[PDB]
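For reference, the structure is listed below as structure tokens.
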Amino acid sequence: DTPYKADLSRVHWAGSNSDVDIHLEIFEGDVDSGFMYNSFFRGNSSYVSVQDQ
Amino acid sequence: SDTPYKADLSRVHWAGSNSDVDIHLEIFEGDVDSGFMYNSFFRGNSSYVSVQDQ
């Protein structure tokens, strides 16, 4: 009911009447990916090295 | 069950020609009560991003 409803100036709203959204997204350092995991059975075995022989 | 002086009593703050109207003064101490009190609890259990003026 405000008297100014018919004369508003909307910045990021295009078209014949200000209905279409053309705003800009805001992004930061956020990236979602898979969860982490660490080995557990590394010490439960006998070990031998033949790397260069 | 009626004392001899019933019809000739003097009663203060009992107005009227027959002394049967209540014009006393209320005693106020300043007690006012309304709805109960609540505080938020989940205001630090999520992420936050600000887009004000942008």
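Just so we're on the same page: first chain in the structure tokens is A, next is B, and so on; residues restart at 1 for each chain, and ligands are numbered from 1 in the order they show up.
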
Taking only C-alpha atoms into account, what are the residues of chain A at most 10 Å from chain B, put as a ChimeraX atom specification? /A:23-28

Restricting the output to N, CA and C atoms, write the selected residues as a PDB file, in the first residue's frame.
ATOM      1  N   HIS A  23      20.913 -10.679 -10.867  1.00  0.00           N
ATOM      2  CA  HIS A  23      21.899 -10.427  -9.828  1.00  0.00           C
ATOM      3  C   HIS A  23      23.177 -11.227 -10.087  1.00  0.00           C
ATOM      4  N   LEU A  24      24.199 -10.933  -9.287  1.00  0.00           N
ATOM      5  CA  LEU A  24      25.500 -11.582  -9.386  1.00  0.00           C
ATOM      6  C   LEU A  24      25.722 -12.501  -8.193  1.00  0.00           C
ATOM      7  N   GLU A  25      26.279 -13.680  -8.458  1.00  0.00           N
ATOM      8  CA  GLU A  25      26.584 -14.618  -7.388  1.00  0.00           C
ATOM      9  C   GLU A  25      27.834 -14.183  -6.632  1.00  0.00           C
ATOM     10  N   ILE A  26      27.908 -14.582  -5.365  1.00  0.00           N
ATOM     11  CA  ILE A  26      29.040 -14.279  -4.498  1.00  0.00           C
ATOM     12  C   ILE A  26      29.696 -15.599  -4.125  1.00  0.00           C
ATOM     13  N   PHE A  27      30.993 -15.711  -4.396  1.00  0.00           N
ATOM     14  CA  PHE A  27      31.725 -16.957  -4.220  1.00  0.00           C
ATOM     15  C   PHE A  27      32.931 -16.724  -3.322  1.00  0.00           C
ATOM     16  N   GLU A  28      33.291 -17.759  -2.572  1.00  0.00           N
ATOM     17  CA  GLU A  28      34.446 -17.722  -1.683  1.00  0.00           C
ATOM     18  C   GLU A  28      35.168 -19.060  -1.808  1.00  0.00           C
TER      19      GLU A  28
END

Exercise: residue B:18 partners within 10 Å, only C-alpha atoms, chain neighbours under 4 positions left out, as a ChimeraX atom specification: /B:7-8,14

I need the strand (DSSP E or B) residues of chain B per DSSP on the backbone, written as a VMD selection string. chain B and resid 14 to 15 21 to 22

Atom pair atom CA of residue B:42 / atom CA of residue A:32: separation (Å): 23.5 Å

Residue contacts of residue A:7 (12 Å, only C-alpha atoms) excluding same-chain residues fewer than 3 positions away, as an mmCIF file with C-alpha atoms, in the first residue's frame:
data_model
loop_
_atom_site.group_PDB
_atom_site.id
_atom_site.type_symbol
_atom_site.label_atom_id
_atom_site.label_comp_id
_atom_site.auth_asym_id
_atom_site.auth_seq_id
_atom_site.Cartn_x
_atom_site.Cartn_y
_atom_site.Cartn_z
ATOM 1 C CA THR A 2 2.966 2.390 -0.011
ATOM 2 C CA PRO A 3 2.392 5.389 -2.328
ATOM 3 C CA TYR A 4 5.722 4.743 -4.096
ATOM 4 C CA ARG A 10 14.956 -1.628 -8.880
ATOM 5 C CA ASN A 17 8.476 -4.451 -15.561
ATOM 6 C CA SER A 18 11.127 -5.167 -12.938
#

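A straight line drawn from atom CA of residue A:6 to atom CA of residue A:20 is 16.7 Å long.
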